[PDB]
file target-v4.cif (mmCIF, C-alpha atoms)
data_protein
#
loop_
_atom_site.label_atom_id
_atom_site.label_comp_id
_atom_site.auth_asym_id
_atom_site.auth_seq_id
_atom_site.Cartn_x
_atom_site.Cartn_y
_atom_site.Cartn_z
CA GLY T 364 -1.11 -10.39 18.00
CA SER T 365 1.13 -7.85 16.27
CA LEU T 366 -0.83 -4.64 16.88
CA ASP T 367 0.61 -1.12 17.00
CA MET T 368 -0.56 2.22 18.40
CA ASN T 369 -0.69 4.48 15.35
CA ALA T 370 -0.96 2.37 12.20
CA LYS T 371 -3.54 4.31 10.19
CA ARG T 372 -1.59 7.34 11.30
CA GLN T 373 1.91 6.11 10.58
CA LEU T 374 0.77 4.51 7.36
CA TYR T 375 -1.10 7.62 6.23
CA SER T 376 2.20 9.33 6.87
CA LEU T 377 4.15 6.62 5.07
CA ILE T 378 1.89 5.94 2.07
CA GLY T 379 -1.18 8.05 2.85
CA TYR T 380 -1.60 10.39 -0.11
CA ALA T 381 -4.46 12.45 -1.52
CA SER T 382 -3.73 10.74 -4.83
CA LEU T 383 -3.48 7.24 -3.36
CA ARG T 384 -6.88 7.65 -1.70
CA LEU T 385 -5.96 4.71 0.53
CA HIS T 386 -8.79 3.41 2.72
CA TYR T 387 -9.86 0.65 5.09
CA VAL T 388 -12.41 -1.91 3.95
CA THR T 389 -14.40 -4.05 6.39
CA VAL T 390 -14.64 -7.65 5.18
CA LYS T 391 -15.80 -9.00 8.53
CA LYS T 392 -16.94 -7.65 11.90
CA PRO T 393 -17.56 -8.87 15.48
CA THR T 394 -20.52 -11.22 15.72
CA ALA T 395 -22.09 -13.74 18.11
CA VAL T 396 -20.64 -16.61 16.10
CA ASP T 397 -17.32 -14.81 15.63
CA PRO T 398 -16.39 -11.63 17.56
CA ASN T 399 -13.68 -10.82 15.00
CA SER T 400 -13.30 -8.26 12.21
CA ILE T 401 -11.33 -8.15 8.96
CA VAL T 402 -9.86 -5.20 7.09
CA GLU T 403 -7.96 -4.49 3.88
CA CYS T 404 -6.21 -1.18 3.22
CA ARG T 405 -7.10 -0.49 -0.41
CA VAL T 406 -6.12 2.46 -2.60
CA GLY T 407 -7.55 4.62 -5.37
CA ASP T 408 -5.94 2.10 -7.71
CA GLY T 409 -8.52 -0.42 -6.51
CA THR T 410 -5.62 -2.46 -5.16
CA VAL T 411 -5.13 -3.63 -1.58
CA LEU T 412 -1.82 -2.56 -0.05
CA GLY T 413 -2.59 -3.81 3.44
CA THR T 414 -4.79 -6.24 5.34
CA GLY T 415 -5.29 -6.58 9.08
CA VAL T 416 -7.64 -8.40 11.43
CA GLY T 417 -8.84 -7.32 14.86
CA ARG T 418 -11.60 -7.53 17.45
CA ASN T 419 -13.29 -4.74 15.51
CA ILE T 420 -12.80 -2.82 12.27
CA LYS T 421 -10.28 -0.67 14.10
CA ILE T 422 -7.88 -3.28 15.42
CA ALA T 423 -8.14 -4.84 12.00
CA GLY T 424 -7.68 -1.52 10.26
CA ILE T 425 -4.84 -0.72 12.64
CA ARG T 426 -3.15 -4.06 12.02
CA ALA T 427 -3.72 -3.62 8.28
CA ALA T 428 -2.63 -0.01 7.85
CA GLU T 429 0.42 -0.97 9.82
CA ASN T 430 0.75 -4.33 8.11
CA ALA T 431 0.86 -2.62 4.74
CA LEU T 432 2.86 0.12 6.39
CA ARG T 433 5.44 -2.45 7.52
CA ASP T 434 6.26 -2.96 3.85
CA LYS T 435 8.81 -0.33 2.82
CA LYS T 436 9.05 -1.28 -0.84
CA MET T 437 5.35 -0.49 -1.17
CA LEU T 438 5.84 2.60 0.98
CA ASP T 439 8.63 3.85 -1.25
CA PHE T 440 6.51 2.61 -4.12
CA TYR T 441 3.42 4.65 -3.37
CA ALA T 442 5.49 7.64 -2.34
CA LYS T 443 7.77 7.33 -5.35
CA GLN T 444 4.49 7.18 -7.19
CA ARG T 445 3.17 10.39 -5.67
CA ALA T 446 6.23 12.10 -7.13
CA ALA T 447 6.02 9.78 -10.13
CA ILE T 448 2.47 10.99 -10.80
CA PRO T 449 1.69 11.87 -14.46
CA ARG T 450 -1.28 14.10 -13.67
CA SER T 451 -1.91 15.71 -10.28
CA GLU T 452 -4.56 18.30 -9.43
CA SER T 453 -4.24 18.22 -5.64
#

call {"tool": "encode", "arguments": {"input": "target-v4.cif", "output": "structure tokens"}}
result
Amino acid sequence: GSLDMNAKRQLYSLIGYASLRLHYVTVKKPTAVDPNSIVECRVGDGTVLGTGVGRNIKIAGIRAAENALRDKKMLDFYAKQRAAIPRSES
């Protein structure tokens, strides 16, 4: 499908923020019945910015991080947020 090389990396660069505490959640994984995995890039806000699927939690995570990363508006949203943060300790 539409998989990249450095999604979790690029994303982390794009949105990735100590305040956004973005992460990858595994909804599904490779199994005998279905050797596929699902992932959703959530954030400290408990909201899911991205969602990708792949053979494993990586390809999914990759696809997701990237997937969410593909979206600029959100990118510029989270970033703009970082700067638009009311209270920041880090």

call {"tool": "resolve_selection", "arguments": {"input": "target-v4.cif", "expression": "the PyMOL selection byres ((chain T and resi 414-422) around 6)", "output": "list in words"}}
result
residues 392, 393, 399, 400, 401, 402, 403, 404, 413, 423, 424, 425, 426 and 427 of chain T

call {"tool": "atom_distance", "arguments": {"input": "target-v4.cif", "atom1": "CA of residue 435 (chain T)", "atom2": "CA of residue 388 (chain T)"}}
result
21.3 Å

call {"tool": "atom_distance", "arguments": {"input": "target-v4.cif", "atom1": "CA of residue 379 (chain T)", "atom2": "CA of residue 391 (chain T)"}}
result
23.2 Å

call {"tool": "residues_around", "arguments": {"input": "target-v4.cif", "residues": "residue 408 (chain T)", "least_positions_apart": "5", "cutoff": "9 Å", "atoms": "all atoms listed in the file", "output": "PDB file with C-alpha atoms, in the frame of the given file"}}
result
ATOM      1  CA  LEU T 383      -3.480   7.240  -3.360  1.00  0.00           C
ATOM      2  CA  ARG T 384      -6.880   7.650  -1.700  1.00  0.00           C
ATOM      3  CA  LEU T 385      -5.960   4.710   0.530  1.00  0.00           C
TER       4      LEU T 385
END

call {"tool": "atom_distance", "arguments": {"input": "target-v4.cif", "atom1": "CA of residue 451 (chain T)", "atom2": "CA of residue 436 (chain T)"}}
result
22.3 Å

call {"tool": "resolve_selection", "arguments": {"input": "target-v4.cif", "expression": "the PyMOL selection byres ((chain T and resi 365) around 9)", "output": "ChimeraX atom specification"}}
result
/T:364,366-367,426,430

call {"tool": "closest_residue", "arguments": {"input": "target-v4.cif", "among": "T:395, T:368, T:412, T:377", "to": "residue 442 (chain T)", "atoms": "all atoms listed in the file"}}
result
T:377

call {"tool": "residues_around", "arguments": {"input": "target-v4.cif", "residues": "residue 447 (chain T)", "least_positions_apart": "6", "cutoff": "12 Å", "atoms": "all atoms listed in the file", "output": "number ranges by chain"}}
result
T: 382-383, 439-441

call {"tool": "closest_residue", "arguments": {"input": "target-v4.cif", "among": "T:396, T:406, T:370, T:381", "to": "residue 437 (chain T)", "atoms": "all atoms listed in the file"}}
result
T:406

call {"tool": "closest_residue", "arguments": {"input": "target-v4.cif", "among": "T:373, T:397, T:378, T:390", "to": "residue 443 (chain T)", "atoms": "only C-alpha atoms"}}
result
T:378

call {"tool": "closest_residue", "arguments": {"input": "target-v4.cif", "among": "T:409, T:434, T:380, T:372", "to": "residue 446 (chain T)", "atoms": "only C-alpha atoms"}}
result
T:380

call {"tool": "build_atoms", "arguments": {"input": "target-v4.cif", "residues": "region 432-452 of chain T", "atoms": "N, CA, C and O atoms", "output": "mmCIF file, in the coordinates of the input"}}
result
data_model
loop_
_atom_site.group_PDB
_atom_site.id
_atom_site.type_symbol
_atom_site.label_atom_id
_atom_site.label_comp_id
_atom_site.auth_asym_id
_atom_site.auth_seq_id
_atom_site.Cartn_x
_atom_site.Cartn_y
_atom_site.Cartn_z
ATOM 1 N N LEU T 432 1.882 -0.888 6.037
ATOM 2 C CA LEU T 432 2.860 0.120 6.390
ATOM 3 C C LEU T 432 4.220 -0.519 6.681
ATOM 4 O O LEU T 432 5.263 0.077 6.411
ATOM 5 N N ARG T 433 4.206 -1.739 7.217
ATOM 6 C CA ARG T 433 5.440 -2.450 7.520
ATOM 7 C C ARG T 433 6.284 -2.605 6.258
ATOM 8 O O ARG T 433 7.515 -2.571 6.305
ATOM 9 N N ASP T 434 5.602 -2.786 5.134
ATOM 10 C CA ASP T 434 6.260 -2.960 3.850
ATOM 11 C C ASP T 434 6.818 -1.644 3.317
ATOM 12 O O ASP T 434 6.067 -0.762 2.900
ATOM 13 N N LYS T 435 8.141 -1.526 3.322
ATOM 14 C CA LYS T 435 8.810 -0.330 2.820
ATOM 15 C C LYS T 435 8.651 -0.226 1.314
ATOM 16 O O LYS T 435 8.144 0.765 0.798
ATOM 17 N N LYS T 436 9.113 -1.255 0.616
ATOM 18 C CA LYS T 436 9.050 -1.280 -0.840
ATOM 19 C C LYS T 436 7.760 -0.627 -1.319
ATOM 20 O O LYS T 436 7.789 0.285 -2.142
ATOM 21 N N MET T 437 6.633 -1.078 -0.786
ATOM 22 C CA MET T 437 5.350 -0.490 -1.170
ATOM 23 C C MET T 437 5.330 0.969 -0.749
ATOM 24 O O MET T 437 4.959 1.842 -1.526
ATOM 25 N N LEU T 438 5.769 1.232 0.478
ATOM 26 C CA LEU T 438 5.840 2.600 0.980
ATOM 27 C C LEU T 438 6.530 3.475 -0.054
ATOM 28 O O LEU T 438 5.938 4.390 -0.625
ATOM 29 N N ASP T 439 7.796 3.154 -0.285
ATOM 30 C CA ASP T 439 8.630 3.850 -1.250
ATOM 31 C C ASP T 439 8.044 3.761 -2.649
ATOM 32 O O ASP T 439 8.375 4.547 -3.528
ATOM 33 N N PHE T 440 7.161 2.799 -2.835
ATOM 34 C CA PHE T 440 6.510 2.610 -4.120
ATOM 35 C C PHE T 440 5.422 3.648 -4.297
ATOM 36 O O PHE T 440 5.419 4.405 -5.267
ATOM 37 N N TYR T 441 4.504 3.691 -3.340
ATOM 38 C CA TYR T 441 3.420 4.650 -3.370
ATOM 39 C C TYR T 441 3.969 6.059 -3.347
ATOM 40 O O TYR T 441 3.601 6.891 -4.177
ATOM 41 N N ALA T 442 4.877 6.324 -2.415
ATOM 42 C CA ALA T 442 5.490 7.640 -2.340
ATOM 43 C C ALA T 442 6.101 7.955 -3.692
ATOM 44 O O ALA T 442 5.683 8.886 -4.380
ATOM 45 N N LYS T 443 7.097 7.157 -4.069
ATOM 46 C CA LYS T 443 7.770 7.330 -5.350
ATOM 47 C C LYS T 443 6.747 7.590 -6.428
ATOM 48 O O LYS T 443 6.993 8.335 -7.375
ATOM 49 N N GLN T 444 5.581 6.990 -6.255
ATOM 50 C CA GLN T 444 4.490 7.180 -7.190
ATOM 51 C C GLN T 444 4.026 8.628 -7.119
ATOM 52 O O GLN T 444 3.999 9.346 -8.118
ATOM 53 N N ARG T 445 3.650 9.036 -5.912
ATOM 54 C CA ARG T 445 3.170 10.390 -5.670
ATOM 55 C C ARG T 445 3.998 11.379 -6.488
ATOM 56 O O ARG T 445 3.457 12.214 -7.213
ATOM 57 N N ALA T 446 5.316 11.251 -6.386
ATOM 58 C CA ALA T 446 6.230 12.100 -7.130
ATOM 59 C C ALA T 446 6.235 11.684 -8.598
ATOM 60 O O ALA T 446 6.380 12.504 -9.505
ATOM 61 N N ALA T 447 6.061 10.385 -8.801
ATOM 62 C CA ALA T 447 6.020 9.780 -10.130
ATOM 63 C C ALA T 447 4.598 9.806 -10.688
ATOM 64 O O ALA T 447 4.196 8.907 -11.426
ATOM 65 N N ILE T 448 3.844 10.843 -10.334
ATOM 66 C CA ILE T 448 2.470 10.990 -10.800
ATOM 67 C C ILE T 448 2.426 11.783 -12.106
ATOM 68 O O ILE T 448 2.939 12.899 -12.182
ATOM 69 N N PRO T 449 1.808 11.213 -13.150
ATOM 70 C CA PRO T 449 1.690 11.870 -14.460
ATOM 71 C C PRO T 449 0.817 13.115 -14.406
ATOM 72 O O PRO T 449 1.192 14.171 -14.916
ATOM 73 N N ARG T 450 -0.353 12.986 -13.788
ATOM 74 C CA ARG T 450 -1.280 14.100 -13.670
ATOM 75 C C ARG T 450 -1.768 14.262 -12.235
ATOM 76 O O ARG T 450 -2.374 13.352 -11.668
ATOM 77 N N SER T 451 -1.499 15.426 -11.650
ATOM 78 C CA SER T 451 -1.910 15.710 -10.280
ATOM 79 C C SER T 451 -2.606 17.060 -10.183
ATOM 80 O O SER T 451 -2.078 18.073 -10.639
ATOM 81 N N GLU T 452 -3.794 17.067 -9.587
ATOM 82 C CA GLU T 452 -4.560 18.300 -9.430
ATOM 83 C C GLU T 452 -4.507 18.796 -7.990
ATOM 84 O O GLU T 452 -4.641 19.992 -7.731
#
